[PDB]
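Read in order, the letters of the sequence shown correspond to residues 7 to 145 in PDB author numbering.
Step one of this worksheet: look at the structure below.
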Amino acid sequence: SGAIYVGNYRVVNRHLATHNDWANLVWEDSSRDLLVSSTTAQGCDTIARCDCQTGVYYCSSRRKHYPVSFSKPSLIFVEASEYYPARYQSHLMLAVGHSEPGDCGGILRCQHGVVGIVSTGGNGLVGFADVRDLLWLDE
Ligand SMILES: CN(C(=O)[C@H]1CCNC1)c1ccccc1
Ligand SMILES: [Zn+2]
């Protein structure tokens, strides 16, 4: 689990979004595994505006942050799940690292802020849904 809180927005994995998320839906992309919901409290997270390919992500299944190199956001084939067990996920970044289902929502961050959230795992690769293109999150 985990979310990004920036201004009056909550960013979550679309597959973990709650009733309240969908009740206050701002934007969702099933191809990206992202949902943004509206919040009453003003969030204080900073979204990275950059093309960093290095950062640190939180891995709940190890209670540890890992520094990683990650690929630029791309259209990536993803398998096995129950929300979508096989399809192309867009705006996805991979790194070599540990991820399990429950690690989804872990934040990946660089010096410039939040890069994205853990979205996919399997074969020792961790997929992060990029948020850096969502310039609207900051206004
Ligand atoms: C196992 N796996 C793949 O098969 C991808 C890797 C690049 N193209 C196919 C995958 C997908 C998403 C996240 C982590 C791993
Ligand atoms: Zn950066």
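Ideal Cβ positions, reconstructed from N, Cα and C, are used throughout, including at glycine.
Item to check | Boundaries (first-last residue) of the alpha helix (DSSP H) holding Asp27 | outcome: The residue given as residue 27 occupies position 21 in the sequence shown. Element bounds for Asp27: 25-29.
Checklist entry - Just to confirm, does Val124 get its C-beta within under 7 Å of one of the non-hydrogen atoms of ligand 1? => result Counted from its first residue, the sequence shown places residue 124 at position 118. Not so, every heavy atom of ligand 1 lies at least 7 Å from the Cβ.
Checklist entry - Roughly how many whole angstroms lie between the Cα atoms of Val42 and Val74? => result On the sequence shown, residue 42 is found 36 positions in, with the first residue counted as 1. On the sequence shown, residue 74 is found 68 positions in, with the first residue counted as 1. Roughly 25 Å separates the two Cα atoms.
Item to check | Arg16 (DSSP reduced to helix, strand or coil) | outcome: Taking the sequence shown and counting its residues from 1, the one referred to as residue 16 is at position 10. Note: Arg16 maps to strand in three-state DSSP.
Checklist entry - Taking DSSP as the reference, what is the three-state secondary structure of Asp144? => result Along the sequence shown, read from residue 1 onward, the residue named residue 144 stands at position 138. Correct three-state label for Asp144: helix.
Checklist entry - Going by C-alpha distance, which of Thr126, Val62, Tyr89 is nearest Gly119? => result The residue given as residue 119 occupies position 113 in the sequence shown. Of the listed residues, the one whose Cα sits closest to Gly119 is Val62.
Checklist entry - Residues near ligand 2, CB to any non-hydrogen atom under 6 Å, in chain order? => result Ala54, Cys56, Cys58, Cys116, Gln117, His118
Checklist entry - What do you get for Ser7, buried or exposed, if any count of 16 or more other CB atoms within 10 angstroms of its CB means buried? => result For this step, residue 7 is matched to residue 1 along the sequence shown. Exposed, since its Cβ has fewer than 16 Cβ neighbours within 10 Å.
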